Every structure is written in C-alpha cells, then in structure tokens.
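*Asks:* task: produce atomic coordinates for the following.
(chains A, B, C, D and E)
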Amino acid sequence: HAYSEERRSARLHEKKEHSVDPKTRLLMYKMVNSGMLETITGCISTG
Amino acid sequence: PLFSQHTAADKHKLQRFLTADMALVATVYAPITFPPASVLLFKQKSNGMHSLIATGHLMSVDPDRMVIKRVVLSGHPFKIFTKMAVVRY
Amino acid sequence: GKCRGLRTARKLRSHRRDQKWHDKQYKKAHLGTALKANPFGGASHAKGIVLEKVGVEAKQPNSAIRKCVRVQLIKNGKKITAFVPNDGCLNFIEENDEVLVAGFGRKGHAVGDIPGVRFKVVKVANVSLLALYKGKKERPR
Amino acid sequence: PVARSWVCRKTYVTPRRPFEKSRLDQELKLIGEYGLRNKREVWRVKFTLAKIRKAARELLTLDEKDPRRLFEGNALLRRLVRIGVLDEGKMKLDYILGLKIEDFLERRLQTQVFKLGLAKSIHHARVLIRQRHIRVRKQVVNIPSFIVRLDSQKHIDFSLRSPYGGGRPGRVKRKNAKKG
RNA sequence: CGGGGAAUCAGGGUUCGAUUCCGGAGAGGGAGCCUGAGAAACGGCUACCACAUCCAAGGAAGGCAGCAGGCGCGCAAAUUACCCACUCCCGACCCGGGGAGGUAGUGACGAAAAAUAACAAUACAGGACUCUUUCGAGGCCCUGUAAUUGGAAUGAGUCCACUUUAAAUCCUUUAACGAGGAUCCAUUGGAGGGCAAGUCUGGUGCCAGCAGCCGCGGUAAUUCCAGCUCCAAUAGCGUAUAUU
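*Replies:* Residues are numbered from 1 along each chain as shown, chains lettered A, B, ... in the order given. There you are, the coordinates:
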C-alpha cells in the first residue's frame, strides 16, 4: 500500500502540474502559419 | 576506420574509442567485398608483432551510412529561478 | 441429476469421455492437431538458421522495441520468431547462424511484452548466450 | 541383461512450501542444536519419522487381535526401543505416534560424542567423527549419522590408534618436535 | 507390442510402461524353400523389388533391429579396449569355444554417504546482572566479529609396499611428504508483491532493458546494469518441454 499510495500521490501531484489563454495563442499561431494572417501587430482594446 | 554504434537507425554517433563490450561498426574506404566475410583487426605492438584487438563480420557496403561526430558543451548554472536559469562558462 | 443406479456403468463412462472431450487441456493433448500444428513438433528445443532480424513493437502501456529474429527450423522448414533474451545480445547473433531455440515458458501462450512471440534463443553456434553475455566464452564462426 | 540391481530410494522429501518463516525457523533451530551440514539432513530425519508414523497408522486401523498387527507392531516397537527412542515402560503402538524429530537426532553419533563428554563442542564432535578418532566397540566409525543403539551406547572410546587414544601423535606434533 | 510393472497419490483416481523378467514379432521389402526332432531360419539357400561392392566388362559378391565404430538424422545417448577367472550355455567334452556374460574406459540419467574447518586466550562490539543520581566500573555472565595470537588433529593430493584381480584399476590397510585462511579460496539463482532477503551506493534514463503473472523504467528507478550487504538451496543449482 505505502509504495502504491506514494505513487498515487505522485500521480495527483503530476496531474496538477500537467495542467490570452495558451490554446488561443496556439490557435492564433496556427492561423498565422496558415497564411490567413500575415502578422499579429498588437492589442487595441482589452474588454 | 571510424567506429560507430550498431543500431537500426539512420545516423550513427561516432565513437572516439573502442569499447570492450559494445559491438561497433568500423567504417572505411576499402576494396568492395560481398558479405558474408570474416573481419580481423590487428596492430603493430612492437618489433612487428601483430596483436589482435577485435573481430567480426562484414555488414552491407554503402557510402550512404553517415557517421555523426558529436560534441557536448558543458555549463554550470549559477542562478536558478523557477523554470528560468542563468548559466555561465 | 446423475444416473446413479447400480447397472449404470457404461452410461457413466460414455458420459465421462464425451464430456472430457470438452476439456480444453485434455482436447489440446488428445485431438492431435495441437501436436501437428505445433512448430516444435513436441520438442523441448529446436534448432534453426537465422533468416532475418526483426524489431517487434511493444504492447501499448510498455514502450520499447523488443529484439527478435525470424529463424527457420531445420527439421520441418517452418518460419518462427524467436526472442533474444538479454540486453546487448542481438549483436552476438549474426546473419544465417545455427541457433538453439527453446520455448518461452507459457506452453504456447505468448509471454509478457512481446506479442505473438513465444520462443527464445538459448544457444548460438553451439555456445550459450549466457556465457557470451557474461563474457566467459567466445563465439566462433 | 546384467548382474546388477537398480533398486534405490530417495531418503528425503523437500517441503512443499519453499519459503515460509516458521518452517525455516524450526529447521535452522535444529541445525543449530544438533550441528548438521544442510537442511537435507533434517528432511531426511523427518522423512524417516514419517515412514515410521505411516506404518503405525496402517497398523492402528487393524483389529487388536490381528496377527499382522501384532507381529508388525511388536517388531516395530522392538526396533524403536533398540535405537533408543521409546521406553520399556511405554512399549505400546499408540506411543509411537507421540514421537518427535529430535528424539531421533539425539541418537546420532555426533550428539552422543557431544553429550558423553568425548568432545566439547558439537562441531568438535563432527570434526572428531570425520577424522577417525572415535570408535564404537572395536570399529572406527567415520560417519556422523550412525544411529547408536542402547547396548552400543555404553562403550564409545578414543580409537586407540588416535593421538588422544593409545599413542602415535599426529603429523603436527611430529613436525614441531623435530624443529630442534 | 501386451503383461509383470513405474511416477504420483488422504479415499477415489490420473498418467506412463520402447527399456535388462515373461509371452510375441521381424532381421531392407514381399515371396518360396532345403536340411533337421525343432526354421517358412536370414552371422542358410533361391527369386523379384529398392539400394549397393570388386572388376581384366566375361562375370563375382551382398544384408551391423549382434559387440565396438562411422555416416545420416537429430534437442537427444559411451571404447573399432580386456578376458572366459565368475554366471551359465554348446560340443565327441574333468581339457575346447563363447562381443551370451564378466571387467575396466566415457558417463553431474538418477540414487546413498559425505569434506571446504575444530578448540583456547586475547582485542573490540552489543545484550542482560551488580555497584553507581548519572556518566561510568566490575564479573571466573551471555552473545557476536576479528588477512588477531597459540598450539594440536586431519583428509584431498604426490608416492612406496601390500591387498584386490584372469592381469589390472578402484575401495580398504601401511610407511614418506603434505593446511593459516591475504588459500588446498563453492557455486547457481534471487532481493517490488506472490516469495526468504535492501525504500543501501553509483551508472542508464518509458532508452537499453527487467518481468512466468500483476507490473517497473518517462530522474530520489525499492524491479534495468554494476558494487556492497543480504536471502534460498548447497556440490550442486538454473531454464525449456511432457506428464502428475
């Protein structure tokens, strides 16, 4: 149990460390690389 | 020759010395011979005494088998942030 | 339930043998196709010649490449995949050599990580792989 | 066709559970008390005891006035008395079942050298037994498993050819005495 | 090939039996004979089939599923030794012959016994007991560990002599030399659970690999590979297959 329970706690810790958002940044990078957008200039208004 | 690992991949890392247990690939310009073929390695020790070092077989002959020489450069990180480091030397 | 009289012997014995043909281990011993499809032909060991080297992919949660060999038996000519046991021993096996091949240990069932490979090489060129891996003997050719 | 016999028996049975703590405990304890080479000696004595107990179990089931039960049981009780295990008071086939392994291990010539004062350690008893220093009546026995009988228990001696016995000191005394 | 029987096994049973004893069958395959009390005999004959030896090319000769030996097949199995002294058999026979048989050689098939160290004094380390608040100190206390010291006792070996024996060999019996562990040195598997014995140290880093099964490896690897320590059996111990 001790060894298993220790590995399970390691699993919960690694699951908490495995987790503009990065997904939106990746989508913007994919859209720029696809030729739809030439370059991202800046942010105009933050709502 | 040039000594390399005997793996299945394309690139082969160059070995700068002969290992006593790992089986290596000696690669050199040579007259072409069709495998299988027994291969022997000798060296002049002193006064013309041929000493045996290594032995094996002849693998396929091709110039496309590239050998890659590596160099790793070391650095001591003297400042550590979280996931960020400042390294010198 | 059961026929349980005193003159009921041949019915009971016929029932025993008829139902015993539904036993998997008994049928595997006695249908006789499990000894005619068996590559070793009911032998503890076979001897073969190496046809090619093979890298068998590991099964899902285990991530590795297992170093196997396609050998051909001398006695019937069948094609068999055999697993070279220890680390760094596939280099001892050279192309077209005499290999002494055994079972892997589960009696026809594939063992452990390697899928569908149920044999392991014990000896190469009549020198054991255990001696070569331990660096005790030298492999001729 | 040959003029030979191939009849032979294995004198031990290995235990079915290979590593259980209490079994290894008991065997190691007996190894310590009676000074033995390996676990096969303990297994051998346990197997002989199992033979005797199995014979007694086959003999109890018969009727009391069975001639076979009478003859076989009285012979077995005579045999176990002459070894030095049972007692003249308890010469009944019921009491044969109440026997223990050390009651057979106490009868080895190793332990009989140890207890009677011929030696001073049980490993010392073994090393005297192997080196032809202990005799029984008039025969030098070299085997430390000789089961000593009751009439034979009384006189165990120094094996007169031995340096501890009659005379002729060994090679070490002879060499050191000729140093100067 | 059948049986006597073998292994296991509470009771019931399951599996095996080519194999030294008994009965049967066959001498490459079939067939037919001679002689004799006894043979459809093959270390007898005649044919055909299949192999195969010597030729002067006209012909001649075969039969190791007897003993040794070879090829071949294989995962798989020994000496082209010695002798009729034992056991018995054969003959015209107190005499001759016997690869029947015996005897040595190869033999870790399997089986039985059984060495690889014993004692004493010191030197430490612990454990209890007594005296001491404790720290500490003692014992005619215990338990360990010591390439520590002392002596004695031995066998493996080399070698004589005898015995053994058909002549030998071996075992047994004697003289001679022969033992301080830093060798006359014990291995084979293992240390995640099942399953005994390490969350010890270094290397490789979901690679290489390990692992019967469950699983481990993705950086503090309890599982890989080494060292140290330790466990299991012990002159034996791993694996594969068949069967219980």
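*Asks:* rest of the way, CA atoms for contacts and neighbours
*Replies:* Noted.
*Asks:* please name every helix or strand in contact with the host helix or strand of residue D:124.
*Replies:* Counting by DSSP states H and E, the element that carries residue D:124 is helix D:122-130. Taking 3 or more Cα pairs under 8 Å, 6 or more residues apart in numbering or on different chains; DSSP states H and E as contact, the helices and strands that helix D:122-130 lies on are helix D:109-116.
*Asks:* list the helices and strands the helix it packs on packs on?
*Replies:* Secondary elements touching helix D:109-116 (3+ Cα pairs under 8 Å, 6+ apart): helix D:122-130.
*Asks:* is any residue of the helix it packs on near RNA strand E?
*Replies:* Yes. With Cα under 7 Å from any atom of the strand as the measure, helix D:122-130 is seen reaching RNA strand E through D:122-124, D:126-128, D:130.
*Asks:* now that helix, how far from the chain's geometric center?
*Replies:* On the basis of Cα atoms, centre = their mean, to the nearest Å, helix D:122-130 is displaced by 14 Å from the centre of the chain it belongs to.
*Asks:* and of the residues of helix D:122-130 next to RNA strand E, the nearest to residue C:7?
*Replies:* Here the nearest of those to residue C:7, counting by Cα to Cα, is residue D:126; it sits at 66.3 Å.
*Asks:* my guess is that closest one contacts residue D:144. True?
*Replies:* Yes. Contact status for residue D:126 versus residue D:144: in contact at 6.2 Å, counting by Cα atoms under 8 Å.
*Asks:* which of these two has more neighbours?
*Replies:* Neighbours per residue, other Cα atoms under 10 Å in any protein chain shown: of residue D:126 and residue D:144, the larger number sits with residue D:126, 23 against 20.
*Asks:* so who does the more buried one touch?
*Replies:* Residues touching residue D:126, when contacts are defined by Cα atoms under 8 Å, 6 or more residues apart in numbering or on different chains, comprise D:35, D:110, D:144.
*Asks:* may I have the top helix by length along chain C as PDB, with CA atoms only?
*Replies:* Longest helix of chain C, by residue count under DSSP state H: helix C:9-20. Listed in PDB are the C-alpha atoms of helix C:9-20, where the atom choice follows Å, rounded to 0.1, in the frame of the first residue of the first chain:
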ATOM      1  CA  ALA C   9     -21.600 -48.000 -15.600                       C
ATOM      2  CA  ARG C  10     -21.400 -47.700 -19.400                       C
ATOM      3  CA  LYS C  11     -23.700 -44.700 -19.400                       C
ATOM      4  CA  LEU C  12     -21.400 -43.000 -16.800                       C
ATOM      5  CA  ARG C  13     -18.200 -43.900 -18.600                       C
ATOM      6  CA  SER C  14     -19.600 -42.800 -22.000                       C
ATOM      7  CA  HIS C  15     -20.700 -39.500 -20.300                       C
ATOM      8  CA  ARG C  16     -17.200 -39.100 -18.900                       C
ATOM      9  CA  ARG C  17     -15.300 -39.500 -22.100                       C
ATOM     10  CA  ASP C  18     -17.900 -37.400 -24.200                       C
ATOM     11  CA  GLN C  19     -17.800 -34.500 -21.700                       C
ATOM     12  CA  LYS C  20     -14.000 -34.900 -21.300                       C
END
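*Asks:* rewinding a little: most surrounded residue in the residues of helix D:122-130 next to RNA strand E?
*Replies:* Using other Cα under 10 Å as the neighbour test, the residues of helix D:122-130 next to RNA strand E are led by residue D:126, with 23 neighbours.
*Asks:* what's in contact with the longest helix of chain C?
*Replies:* By Cα under 8 Å, 6+ apart, the list of residues contacting helix C:9-20 from outside reads C:3, C:26-27.
*Asks:* at 7 Å what do you get?
*Replies:* Contacting residues not belonging to helix C:9-20 are not present [Cα atoms under 7 Å, 6 or more residues apart in numbering or on different chains].
*Asks:* quick one: name whatever helix or strand follows it.
*Replies:* Counting by DSSP H and E, the next helix or strand C-terminal to helix C:9-20 is helix C:24-30.
*Asks:* neighbouring strands of the following helix or strand past that next one in the sheet, and parallel or not?
*Replies:* Proceeding N to C from helix C:24-30, the next assigned helix or strand is strand C:45-57, under DSSP H and E. With DSSP bridges as the test, strand C:45-57 is paired with strand C:65-73 (antiparallel), strand C:98-103 (antiparallel).
*Asks:* include mean neighbour count and distance to residue B:49 when you put the ones you listed into JSON lines, please.
*Replies:* What follows is the strands paired with strand C:45-57, written out as JSON lines (neighbours: other Cα atoms under 10 Å in any protein chain shown; distance: least, Cα to Cα, whole Å):
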{"stretch": "strand C:65-73", "mean neighbour count": "21", "distance to residue B:49": "40"}
{"stretch": "strand C:98-103", "mean neighbour count": "22", "distance to residue B:49": "34"}
